[PDB]
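Text of protein-v7.cif (mmCIF, C-alpha atoms) as supplied:
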```cif
data_input
loop_
_atom_site.label_atom_id
_atom_site.label_comp_id
_atom_site.auth_asym_id
_atom_site.auth_seq_id
_atom_site.Cartn_x
_atom_site.Cartn_y
_atom_site.Cartn_z
CA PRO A 2 -27.02 206.82 -70.91
CA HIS A 3 -28.09 203.17 -71.10
CA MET A 4 -29.53 200.33 -73.14
CA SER A 5 -33.13 199.09 -73.09
CA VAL A 6 -35.20 196.12 -74.26
CA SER A 7 -38.83 195.32 -74.97
CA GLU A 8 -40.83 195.39 -71.72
CA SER A 9 -42.04 191.82 -72.23
CA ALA A 10 -38.64 190.35 -73.20
CA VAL A 11 -37.04 187.49 -71.26
CA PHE A 12 -33.30 187.10 -70.59
CA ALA A 13 -31.73 183.67 -70.16
CA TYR A 14 -28.23 182.51 -69.19
CA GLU A 15 -27.03 178.96 -69.63
CA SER A 16 -23.65 178.02 -68.18
CA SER A 17 -21.87 175.19 -69.97
CA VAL A 18 -19.34 174.90 -67.11
CA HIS A 19 -21.60 175.11 -64.04
CA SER A 20 -22.58 171.46 -63.80
CA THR A 21 -18.95 170.44 -64.10
CA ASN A 22 -17.89 172.94 -61.49
CA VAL A 23 -20.54 171.66 -59.10
CA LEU A 24 -19.44 168.05 -59.64
CA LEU A 25 -15.81 169.01 -59.02
CA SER A 26 -16.74 170.88 -55.85
CA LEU A 27 -18.50 167.71 -54.67
CA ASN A 28 -15.43 165.64 -55.55
CA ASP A 29 -13.28 168.07 -53.56
CA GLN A 30 -15.74 167.71 -50.64
CA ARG A 31 -15.46 163.95 -51.01
CA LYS A 32 -11.64 163.85 -51.03
CA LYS A 33 -11.50 166.12 -47.94
CA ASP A 34 -14.36 164.41 -46.11
CA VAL A 35 -16.23 167.67 -45.56
CA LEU A 36 -20.04 167.94 -46.13
CA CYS A 37 -20.33 164.20 -46.91
CA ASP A 38 -23.07 162.05 -45.39
CA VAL A 39 -22.47 158.45 -46.26
CA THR A 40 -19.68 155.92 -45.91
CA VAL A 41 -19.29 153.01 -48.28
CA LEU A 42 -17.28 150.10 -46.85
CA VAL A 43 -15.35 148.03 -49.39
CA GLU A 44 -12.99 145.34 -48.02
CA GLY A 45 -12.52 147.27 -44.75
CA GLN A 46 -11.67 150.53 -46.52
CA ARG A 47 -13.95 153.55 -46.17
CA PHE A 48 -15.05 155.75 -49.00
CA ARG A 49 -16.90 158.90 -48.00
CA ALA A 50 -19.55 160.28 -50.38
CA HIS A 51 -22.90 162.06 -50.76
CA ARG A 52 -25.80 159.65 -50.69
CA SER A 53 -27.59 161.91 -53.17
CA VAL A 54 -24.83 161.55 -55.71
CA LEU A 55 -24.46 157.80 -55.17
CA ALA A 56 -28.22 157.24 -55.52
CA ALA A 57 -28.28 159.28 -58.72
CA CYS A 58 -25.40 157.32 -60.30
CA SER A 59 -26.17 153.77 -59.23
CA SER A 60 -29.39 151.83 -59.02
CA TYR A 61 -27.83 149.54 -56.44
CA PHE A 62 -26.95 152.51 -54.22
CA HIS A 63 -30.36 154.02 -54.81
CA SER A 64 -32.24 151.06 -53.36
CA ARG A 65 -29.81 150.74 -50.45
CA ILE A 66 -30.10 154.42 -49.65
CA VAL A 67 -33.50 155.99 -50.24
CA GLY A 68 -35.50 155.00 -47.18
CA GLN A 69 -32.51 155.11 -44.81
CA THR A 70 -32.77 157.41 -41.79
CA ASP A 71 -29.24 157.35 -40.39
CA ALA A 72 -27.55 160.75 -40.45
CA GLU A 73 -24.38 158.62 -40.38
CA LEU A 74 -25.31 155.95 -42.90
CA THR A 75 -22.89 153.17 -43.77
CA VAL A 76 -23.36 150.95 -46.79
CA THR A 77 -21.28 147.80 -46.83
CA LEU A 78 -20.62 146.25 -50.23
CA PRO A 79 -20.24 142.43 -50.50
CA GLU A 80 -17.07 140.65 -51.69
CA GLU A 81 -18.12 140.93 -55.32
CA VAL A 82 -16.97 144.56 -54.87
CA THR A 83 -13.27 145.20 -54.39
CA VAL A 84 -11.20 148.28 -53.60
CA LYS A 85 -9.46 147.76 -56.97
CA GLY A 86 -12.72 147.81 -58.90
CA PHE A 87 -14.66 150.41 -56.83
CA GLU A 88 -11.97 153.07 -56.49
CA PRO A 89 -11.82 154.26 -60.17
CA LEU A 90 -15.55 153.74 -60.31
CA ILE A 91 -16.45 156.21 -57.53
CA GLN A 92 -13.85 158.47 -59.07
CA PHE A 93 -15.77 158.37 -62.33
CA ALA A 94 -19.04 159.22 -60.60
CA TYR A 95 -17.35 162.34 -59.19
CA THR A 96 -15.26 163.40 -62.19
CA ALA A 97 -16.93 162.01 -65.31
CA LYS A 98 -13.60 160.34 -66.23
CA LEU A 99 -13.02 156.57 -65.98
CA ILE A 100 -9.42 155.31 -66.29
CA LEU A 101 -8.49 151.65 -66.87
CA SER A 102 -5.51 149.45 -67.65
CA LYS A 103 -4.60 145.77 -67.78
CA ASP A 104 -4.75 145.17 -64.02
CA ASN A 105 -8.16 146.64 -63.15
CA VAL A 106 -10.36 146.45 -66.25
CA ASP A 107 -12.05 143.28 -65.12
CA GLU A 108 -12.79 144.28 -61.57
CA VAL A 109 -13.71 147.84 -62.44
CA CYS A 110 -16.15 146.56 -65.04
CA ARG A 111 -17.59 143.83 -62.85
CA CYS A 112 -18.46 146.51 -60.28
CA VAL A 113 -20.00 148.77 -62.88
CA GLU A 114 -22.40 145.93 -63.74
CA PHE A 115 -22.92 144.81 -60.16
CA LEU A 116 -23.79 148.37 -59.00
CA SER A 117 -25.38 149.49 -62.28
CA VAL A 118 -23.41 152.67 -62.66
CA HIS A 119 -25.46 154.25 -65.37
CA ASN A 120 -23.26 156.35 -67.70
CA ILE A 121 -20.68 153.55 -68.01
CA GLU A 122 -22.23 150.27 -69.15
CA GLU A 123 -21.36 150.81 -72.85
CA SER A 124 -17.76 151.90 -72.29
CA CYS A 125 -17.03 148.77 -70.30
CA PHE A 126 -18.58 146.65 -72.99
CA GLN A 127 -16.16 148.18 -75.49
CA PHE A 128 -13.08 147.93 -73.24
CA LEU A 129 -13.85 144.30 -72.47
CA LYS A 130 -13.48 143.50 -76.18
CA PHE A 131 -9.71 143.76 -75.80
CA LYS A 132 -6.93 141.63 -74.38
CA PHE A 133 -3.79 143.28 -73.07
CA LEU A 134 -1.25 141.09 -74.84
CA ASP A 135 0.93 143.45 -76.88
CA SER A 136 0.56 143.18 -80.66
CA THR A 137 3.54 141.12 -81.91
CA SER A 138 2.29 139.11 -84.93
CA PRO B 2 -11.62 135.89 -82.31
CA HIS B 3 -10.92 139.20 -80.57
CA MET B 4 -9.00 142.46 -80.50
CA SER B 5 -5.94 143.25 -78.39
CA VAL B 6 -3.85 146.23 -77.28
CA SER B 7 -0.37 146.90 -75.94
CA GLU B 8 -0.02 145.38 -72.44
CA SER B 9 0.95 148.74 -70.95
CA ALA B 10 -1.79 150.79 -72.67
CA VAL B 11 -4.35 152.81 -70.69
CA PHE B 12 -8.02 153.26 -71.65
CA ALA B 13 -9.93 156.39 -70.68
CA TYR B 14 -13.59 157.41 -70.98
CA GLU B 15 -14.81 160.95 -70.50
CA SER B 16 -18.55 161.57 -70.45
CA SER B 17 -19.61 165.03 -71.59
CA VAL B 18 -23.16 164.43 -70.28
CA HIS B 19 -22.48 162.84 -66.88
CA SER B 20 -22.06 166.00 -64.84
CA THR B 21 -25.26 167.39 -66.29
CA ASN B 22 -27.13 164.19 -65.61
CA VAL B 23 -25.93 164.19 -62.01
CA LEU B 24 -27.02 167.81 -61.54
CA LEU B 25 -30.43 167.04 -63.01
CA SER B 26 -30.83 164.01 -60.76
CA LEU B 27 -30.07 166.30 -57.80
CA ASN B 28 -32.62 168.82 -59.07
CA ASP B 29 -35.20 166.03 -59.34
CA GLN B 30 -34.32 164.99 -55.75
CA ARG B 31 -34.76 168.61 -54.72
CA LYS B 32 -38.17 169.07 -56.39
CA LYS B 33 -39.45 165.81 -54.82
CA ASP B 34 -37.87 166.40 -51.42
CA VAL B 35 -36.13 163.03 -51.40
CA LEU B 36 -32.46 162.64 -50.29
CA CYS B 37 -32.21 166.34 -49.35
CA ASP B 38 -30.64 167.46 -46.08
CA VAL B 39 -31.12 171.17 -45.66
CA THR B 40 -34.01 173.61 -45.63
CA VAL B 41 -33.58 177.24 -46.60
CA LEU B 42 -36.28 179.54 -45.20
CA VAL B 43 -37.08 182.60 -47.31
CA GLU B 44 -40.04 184.77 -46.19
CA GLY B 45 -41.73 181.78 -44.50
CA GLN B 46 -41.40 179.55 -47.57
CA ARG B 47 -39.23 176.42 -47.45
CA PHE B 48 -36.78 175.40 -50.10
CA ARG B 49 -35.29 171.95 -49.70
CA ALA B 50 -31.74 171.35 -50.99
CA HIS B 51 -28.41 169.55 -50.50
CA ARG B 52 -26.08 171.46 -48.24
CA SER B 53 -23.18 170.17 -50.33
CA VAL B 54 -24.55 171.75 -53.47
CA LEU B 55 -25.48 175.02 -51.74
CA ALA B 56 -22.02 175.31 -50.15
CA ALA B 57 -20.36 174.67 -53.50
CA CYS B 58 -22.42 177.35 -55.29
CA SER B 59 -22.53 180.12 -52.72
CA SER B 60 -19.94 181.52 -50.37
CA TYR B 61 -22.69 182.77 -48.09
CA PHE B 62 -24.17 179.27 -47.82
CA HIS B 63 -20.72 177.78 -47.38
CA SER B 64 -19.97 179.77 -44.24
CA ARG B 65 -23.45 179.16 -42.83
CA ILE B 66 -23.20 175.45 -43.47
CA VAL B 67 -19.75 173.92 -43.06
CA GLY B 68 -19.42 173.45 -39.31
CA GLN B 69 -23.12 172.72 -38.76
CA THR B 70 -24.00 169.42 -37.09
CA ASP B 71 -27.78 169.26 -37.49
CA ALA B 72 -28.94 166.33 -39.59
CA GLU B 73 -32.00 168.55 -40.12
CA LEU B 74 -30.31 171.88 -40.71
CA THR B 75 -32.35 175.00 -41.42
CA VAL B 76 -30.80 178.16 -42.79
CA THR B 77 -32.94 181.26 -42.52
CA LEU B 78 -32.17 184.06 -44.97
CA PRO B 79 -32.75 187.71 -43.88
CA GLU B 80 -35.22 190.11 -45.55
CA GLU B 81 -32.66 191.15 -48.15
CA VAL B 82 -33.54 187.75 -49.69
CA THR B 83 -36.99 187.33 -51.18
CA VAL B 84 -38.90 184.40 -52.64
CA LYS B 85 -39.01 186.33 -55.94
CA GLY B 86 -35.24 186.73 -56.09
CA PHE B 87 -34.19 183.36 -54.56
CA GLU B 88 -36.49 181.04 -56.50
CA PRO B 89 -34.88 181.39 -60.00
CA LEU B 90 -31.54 181.56 -58.27
CA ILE B 91 -31.74 178.14 -56.57
CA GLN B 92 -33.16 176.91 -59.84
CA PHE B 93 -30.02 178.08 -61.60
CA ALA B 94 -27.78 176.32 -59.08
CA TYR B 95 -29.62 173.08 -59.88
CA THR B 96 -30.06 173.46 -63.66
CA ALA B 97 -27.32 175.79 -64.90
CA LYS B 98 -30.05 177.99 -66.47
CA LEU B 99 -31.03 181.40 -65.07
CA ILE B 100 -34.22 183.02 -66.42
CA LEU B 101 -35.14 186.69 -65.89
CA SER B 102 -37.66 189.28 -66.98
CA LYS B 103 -38.77 192.80 -66.07
CA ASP B 104 -40.35 191.89 -62.73
CA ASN B 105 -37.55 189.88 -61.08
CA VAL B 106 -34.23 191.04 -62.55
CA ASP B 107 -33.52 193.36 -59.66
CA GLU B 108 -34.33 191.00 -56.85
CA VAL B 109 -32.80 187.97 -58.53
CA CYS B 110 -29.60 189.93 -59.05
CA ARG B 111 -29.53 191.45 -55.59
CA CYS B 112 -29.64 187.92 -54.16
CA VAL B 113 -26.91 186.71 -56.47
CA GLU B 114 -24.65 189.41 -55.00
CA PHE B 115 -25.87 189.00 -51.44
CA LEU B 116 -25.27 185.21 -51.49
CA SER B 117 -22.30 185.31 -53.88
CA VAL B 118 -23.59 182.72 -56.29
CA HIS B 119 -20.41 182.12 -58.19
CA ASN B 120 -21.16 181.30 -61.86
CA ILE B 121 -23.58 184.23 -62.16
CA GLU B 122 -22.00 187.53 -61.13
CA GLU B 123 -21.09 188.56 -64.73
CA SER B 124 -24.46 187.68 -66.28
CA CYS B 125 -26.27 189.85 -63.78
CA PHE B 126 -23.91 192.69 -64.46
CA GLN B 127 -24.82 192.48 -68.14
CA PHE B 128 -28.58 192.13 -67.58
CA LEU B 129 -28.58 195.09 -65.22
CA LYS B 130 -27.34 197.29 -68.07
CA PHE B 131 -30.86 197.27 -69.54
CA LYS B 132 -34.16 198.93 -68.78
CA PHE B 133 -37.39 197.21 -69.75
CA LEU B 134 -39.08 200.14 -71.45
CA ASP B 135 -39.90 198.97 -74.98
CA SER B 136 -37.93 200.64 -77.77
CA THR B 137 -40.23 203.30 -79.31
CA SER B 138 -37.97 206.19 -80.42
#
```
Taking this structure as input, can you express it in the form of structure tokens?
Amino acid sequence: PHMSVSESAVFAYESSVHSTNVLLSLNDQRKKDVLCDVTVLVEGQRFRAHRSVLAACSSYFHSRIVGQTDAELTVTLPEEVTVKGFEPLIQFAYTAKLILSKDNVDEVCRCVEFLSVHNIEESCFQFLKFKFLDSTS
Amino acid sequence: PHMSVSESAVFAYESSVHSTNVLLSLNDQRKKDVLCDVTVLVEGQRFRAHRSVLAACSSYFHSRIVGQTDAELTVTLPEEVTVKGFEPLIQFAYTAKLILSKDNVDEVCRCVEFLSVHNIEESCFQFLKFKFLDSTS
């Protein structure tokens, strides 16, 4: 026949992969420009995104976004923000992974500070402790 | 002085908590009705959400949402969907945790199937193998 359990019992199911799947679906939506709702303009280049996600990940975006009413909102970032710095940064927001090398560490980390991208302040602090010189005592 | 690293080296940072934080920020946005963009109507009750998230988590929502143009989109679910079933279900989508007991298991799991809420089909299959009777041989 079947199995049974105490009448008052409560079942629970916690997925360890769900939140990551959701984030990756949003990243896929972002790369395809489907179901997005905001455009971020950096040096003439357009980055599509979800204002909800951007507000959640950056205090700067949060204040620029919250009371906005435009279905087709555009947020223009000043010169302090560059395509070279912002690119890997929005990629982090949507993938949880932040990549850096000699040529972008400074700009990527200046943007992190300038936009206050939460889960990354520390990392940048650590990466900025190095100089890409090539150990040759 | 400082530390250095090979000129060609590449730094990477993977956050294990970021995707969960993002999901919880979206859930907070959903409970407060701030930065949401879609309303789901179930038996006269309104559930605010992010169409991006709903499309990502449910095939049914995905087809009802994608080509929509309404900034203020409303998706009405038929009688098969009930507040008792849907409630813990949208909560799962936004928290990764699905709770169930004797009184909602059937409706919550009928909705999961009806809406095709990805990361939950199996769980429901397992929970439906039980009867809440109270083991008293």
Could you do a least-squares fit of chain A on chain B over every C-alpha atom, in sequence order, and give the output as a short mmCIF file (atom, residue, chain, number, x, y, z; two decimals) with C-alpha atoms, keeping the file's coordinate frame?
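Just written: result-v5.cif:
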```cif
data_model
loop_
_atom_site.label_atom_id
_atom_site.label_comp_id
_atom_site.auth_asym_id
_atom_site.auth_seq_id
_atom_site.Cartn_x
_atom_site.Cartn_y
_atom_site.Cartn_z
CA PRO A 2 -11.62 135.89 -82.31
CA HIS A 3 -10.93 139.21 -80.58
CA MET A 4 -9.01 142.47 -80.50
CA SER A 5 -5.94 143.25 -78.39
CA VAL A 6 -3.85 146.23 -77.27
CA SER A 7 -0.37 146.89 -75.94
CA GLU A 8 -0.02 145.38 -72.45
CA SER A 9 0.95 148.74 -70.95
CA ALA A 10 -1.79 150.79 -72.66
CA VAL A 11 -4.35 152.81 -70.69
CA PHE A 12 -8.02 153.26 -71.65
CA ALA A 13 -9.93 156.39 -70.67
CA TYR A 14 -13.59 157.41 -70.98
CA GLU A 15 -14.80 160.95 -70.50
CA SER A 16 -18.55 161.57 -70.45
CA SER A 17 -19.61 165.03 -71.59
CA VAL A 18 -23.16 164.43 -70.28
CA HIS A 19 -22.48 162.83 -66.88
CA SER A 20 -22.06 166.00 -64.84
CA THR A 21 -25.26 167.39 -66.29
CA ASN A 22 -27.12 164.19 -65.61
CA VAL A 23 -25.93 164.19 -62.01
CA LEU A 24 -27.02 167.81 -61.54
CA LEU A 25 -30.44 167.04 -63.01
CA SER A 26 -30.83 164.01 -60.76
CA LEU A 27 -30.08 166.29 -57.80
CA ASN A 28 -32.63 168.82 -59.07
CA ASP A 29 -35.19 166.03 -59.34
CA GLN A 30 -34.32 165.00 -55.75
CA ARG A 31 -34.76 168.61 -54.72
CA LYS A 32 -38.17 169.07 -56.39
CA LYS A 33 -39.45 165.81 -54.82
CA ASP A 34 -37.86 166.40 -51.42
CA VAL A 35 -36.13 163.02 -51.41
CA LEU A 36 -32.45 162.64 -50.29
CA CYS A 37 -32.20 166.34 -49.35
CA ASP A 38 -30.63 167.47 -46.08
CA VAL A 39 -31.12 171.16 -45.66
CA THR A 40 -34.01 173.61 -45.63
CA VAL A 41 -33.58 177.23 -46.59
CA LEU A 42 -36.28 179.54 -45.20
CA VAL A 43 -37.08 182.60 -47.31
CA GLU A 44 -40.04 184.76 -46.20
CA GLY A 45 -41.72 181.77 -44.50
CA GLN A 46 -41.39 179.55 -47.57
CA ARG A 47 -39.23 176.43 -47.45
CA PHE A 48 -36.79 175.40 -50.11
CA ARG A 49 -35.28 171.95 -49.70
CA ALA A 50 -31.74 171.35 -50.99
CA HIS A 51 -28.41 169.55 -50.51
CA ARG A 52 -26.08 171.46 -48.24
CA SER A 53 -23.18 170.18 -50.33
CA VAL A 54 -24.55 171.75 -53.46
CA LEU A 55 -25.48 175.02 -51.74
CA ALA A 56 -22.02 175.31 -50.15
CA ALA A 57 -20.36 174.67 -53.50
CA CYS A 58 -22.42 177.35 -55.29
CA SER A 59 -22.54 180.12 -52.72
CA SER A 60 -19.94 181.52 -50.37
CA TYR A 61 -22.69 182.77 -48.09
CA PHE A 62 -24.17 179.27 -47.83
CA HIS A 63 -20.73 177.79 -47.38
CA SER A 64 -19.97 179.77 -44.24
CA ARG A 65 -23.45 179.16 -42.83
CA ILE A 66 -23.20 175.45 -43.48
CA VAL A 67 -19.76 173.92 -43.06
CA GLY A 68 -19.42 173.45 -39.32
CA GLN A 69 -23.12 172.72 -38.76
CA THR A 70 -24.00 169.42 -37.09
CA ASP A 71 -27.78 169.26 -37.49
CA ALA A 72 -28.94 166.33 -39.60
CA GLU A 73 -32.00 168.55 -40.12
CA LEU A 74 -30.31 171.89 -40.72
CA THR A 75 -32.35 175.00 -41.41
CA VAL A 76 -30.80 178.16 -42.79
CA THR A 77 -32.94 181.27 -42.53
CA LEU A 78 -32.17 184.06 -44.97
CA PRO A 79 -32.75 187.71 -43.88
CA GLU A 80 -35.22 190.10 -45.56
CA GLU A 81 -32.66 191.15 -48.14
CA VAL A 82 -33.54 187.75 -49.69
CA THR A 83 -36.99 187.33 -51.18
CA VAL A 84 -38.90 184.39 -52.64
CA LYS A 85 -39.01 186.34 -55.94
CA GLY A 86 -35.25 186.73 -56.08
CA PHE A 87 -34.18 183.36 -54.55
CA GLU A 88 -36.48 181.04 -56.50
CA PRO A 89 -34.88 181.39 -60.00
CA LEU A 90 -31.54 181.57 -58.27
CA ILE A 91 -31.73 178.14 -56.57
CA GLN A 92 -33.16 176.91 -59.84
CA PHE A 93 -30.02 178.08 -61.60
CA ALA A 94 -27.78 176.32 -59.08
CA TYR A 95 -29.62 173.08 -59.89
CA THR A 96 -30.06 173.46 -63.65
CA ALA A 97 -27.32 175.78 -64.90
CA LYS A 98 -30.04 177.99 -66.47
CA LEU A 99 -31.03 181.40 -65.07
CA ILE A 100 -34.22 183.02 -66.42
CA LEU A 101 -35.14 186.69 -65.89
CA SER A 102 -37.66 189.29 -66.98
CA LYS A 103 -38.76 192.80 -66.07
CA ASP A 104 -40.35 191.88 -62.73
CA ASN A 105 -37.55 189.88 -61.08
CA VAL A 106 -34.24 191.04 -62.55
CA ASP A 107 -33.53 193.35 -59.66
CA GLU A 108 -34.34 190.99 -56.85
CA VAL A 109 -32.80 187.98 -58.52
CA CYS A 110 -29.59 189.93 -59.06
CA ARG A 111 -29.53 191.45 -55.59
CA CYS A 112 -29.64 187.91 -54.16
CA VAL A 113 -26.90 186.70 -56.46
CA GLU A 114 -24.65 189.41 -55.00
CA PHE A 115 -25.87 189.01 -51.44
CA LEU A 116 -25.27 185.21 -51.49
CA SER A 117 -22.30 185.30 -53.88
CA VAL A 118 -23.59 182.72 -56.29
CA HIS A 119 -20.42 182.12 -58.19
CA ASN A 120 -21.15 181.30 -61.86
CA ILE A 121 -23.58 184.24 -62.16
CA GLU A 122 -22.00 187.54 -61.13
CA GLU A 123 -21.10 188.56 -64.72
CA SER A 124 -24.45 187.68 -66.28
CA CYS A 125 -26.28 189.85 -63.78
CA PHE A 126 -23.91 192.69 -64.46
CA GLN A 127 -24.82 192.48 -68.14
CA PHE A 128 -28.58 192.13 -67.58
CA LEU A 129 -28.58 195.09 -65.21
CA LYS A 130 -27.35 197.29 -68.07
CA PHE A 131 -30.85 197.26 -69.53
CA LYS A 132 -34.16 198.93 -68.78
CA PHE A 133 -37.39 197.21 -69.75
CA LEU A 134 -39.08 200.14 -71.45
CA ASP A 135 -39.90 198.97 -74.98
CA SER A 136 -37.93 200.64 -77.77
CA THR A 137 -40.23 203.30 -79.31
CA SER A 138 -37.97 206.19 -80.42
#
```
**Prompt:** If I put a ball of radius 12 Å at (-5.4, 140.0, -74.2) in the file's coordinates, which residues poke into it when counting only C-alpha atoms, written as a PyMOL selection string?
**Reply:** (chain A and resi 102-104+106-107+128-137) or (chain B and resi 2-10)
**Message:** If the PyMOL selection byres ((chain B and resi 42-45) around 12) were run on this exact file, what residues would it hold? Put them as a list in words.
**Reply:** residues 39, 40, 41, 46, 47, 48, 49, 50, 74, 75, 76, 77, 78, 79, 80, 81, 82, 83, 84, 85, 86, 87, 88, 91 and 112 of chain B
Given the PyMOL selection byres ((chain A and resi 51) around 12) and the file above, list the residues it selects as an mmCIF file with C-alpha atoms, in the frame of the given file.
```cif
data_model
loop_
_atom_site.group_PDB
_atom_site.id
_atom_site.type_symbol
_atom_site.label_atom_id
_atom_site.label_comp_id
_atom_site.auth_asym_id
_atom_site.auth_seq_id
_atom_site.Cartn_x
_atom_site.Cartn_y
_atom_site.Cartn_z
ATOM 1 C CA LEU A 24 -19.440 168.050 -59.640
ATOM 2 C CA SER A 26 -16.740 170.880 -55.850
ATOM 3 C CA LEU A 27 -18.500 167.710 -54.670
ATOM 4 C CA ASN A 28 -15.430 165.640 -55.550
ATOM 5 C CA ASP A 29 -13.280 168.070 -53.560
ATOM 6 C CA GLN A 30 -15.740 167.710 -50.640
ATOM 7 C CA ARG A 31 -15.460 163.950 -51.010
ATOM 8 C CA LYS A 32 -11.640 163.850 -51.030
ATOM 9 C CA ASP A 34 -14.360 164.410 -46.110
ATOM 10 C CA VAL A 35 -16.230 167.670 -45.560
ATOM 11 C CA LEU A 36 -20.040 167.940 -46.130
ATOM 12 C CA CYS A 37 -20.330 164.200 -46.910
ATOM 13 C CA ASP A 38 -23.070 162.050 -45.390
ATOM 14 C CA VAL A 39 -22.470 158.450 -46.260
ATOM 15 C CA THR A 40 -19.680 155.920 -45.910
ATOM 16 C CA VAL A 41 -19.290 153.010 -48.280
ATOM 17 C CA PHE A 48 -15.050 155.750 -49.000
ATOM 18 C CA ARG A 49 -16.900 158.900 -48.000
ATOM 19 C CA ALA A 50 -19.550 160.280 -50.380
ATOM 20 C CA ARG A 52 -25.800 159.650 -50.690
ATOM 21 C CA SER A 53 -27.590 161.910 -53.170
ATOM 22 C CA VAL A 54 -24.830 161.550 -55.710
ATOM 23 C CA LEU A 55 -24.460 157.800 -55.170
ATOM 24 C CA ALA A 56 -28.220 157.240 -55.520
ATOM 25 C CA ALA A 57 -28.280 159.280 -58.720
ATOM 26 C CA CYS A 58 -25.400 157.320 -60.300
ATOM 27 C CA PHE A 62 -26.950 152.510 -54.220
ATOM 28 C CA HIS A 63 -30.360 154.020 -54.810
ATOM 29 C CA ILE A 66 -30.100 154.420 -49.650
ATOM 30 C CA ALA A 72 -27.550 160.750 -40.450
ATOM 31 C CA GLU A 73 -24.380 158.620 -40.380
ATOM 32 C CA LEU A 74 -25.310 155.950 -42.900
ATOM 33 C CA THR A 75 -22.890 153.170 -43.770
ATOM 34 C CA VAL A 76 -23.360 150.950 -46.790
ATOM 35 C CA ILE A 91 -16.450 156.210 -57.530
ATOM 36 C CA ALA A 94 -19.040 159.220 -60.600
ATOM 37 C CA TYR A 95 -17.350 162.340 -59.190
ATOM 38 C CA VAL B 23 -25.930 164.190 -62.010
ATOM 39 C CA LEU B 27 -30.070 166.300 -57.800
ATOM 40 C CA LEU B 36 -32.460 162.640 -50.290
ATOM 41 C CA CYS B 37 -32.210 166.340 -49.350
ATOM 42 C CA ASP B 38 -30.640 167.460 -46.080
ATOM 43 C CA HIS B 51 -28.410 169.550 -50.500
ATOM 44 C CA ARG B 52 -26.080 171.460 -48.240
ATOM 45 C CA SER B 53 -23.180 170.170 -50.330
ATOM 46 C CA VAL B 54 -24.550 171.750 -53.470
#
```
**Prompt:** Once the PyMOL selection byres ((chain B and resi 116) around 9) has been applied to the shown file, what residues remain in the selection, as a PyMOL selection string?
**Reply:** chain B and resi 59-62+82+111-115+117-119
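The coordinates place atom CA of residue A:98 at 16.9 Å from atom CA of residue A:19.
Atom CA of residue A:20 is found 21.6 Å from atom CA of residue B:127.
Picture a line from atom CA of residue A:105 to atom CA of residue A:122; it runs 15.7 Å.
With all atoms listed in the file as the atoms that count, the residue of B:138, B:65, B:92, B:101 with the shortest distance to chain A is B:101.
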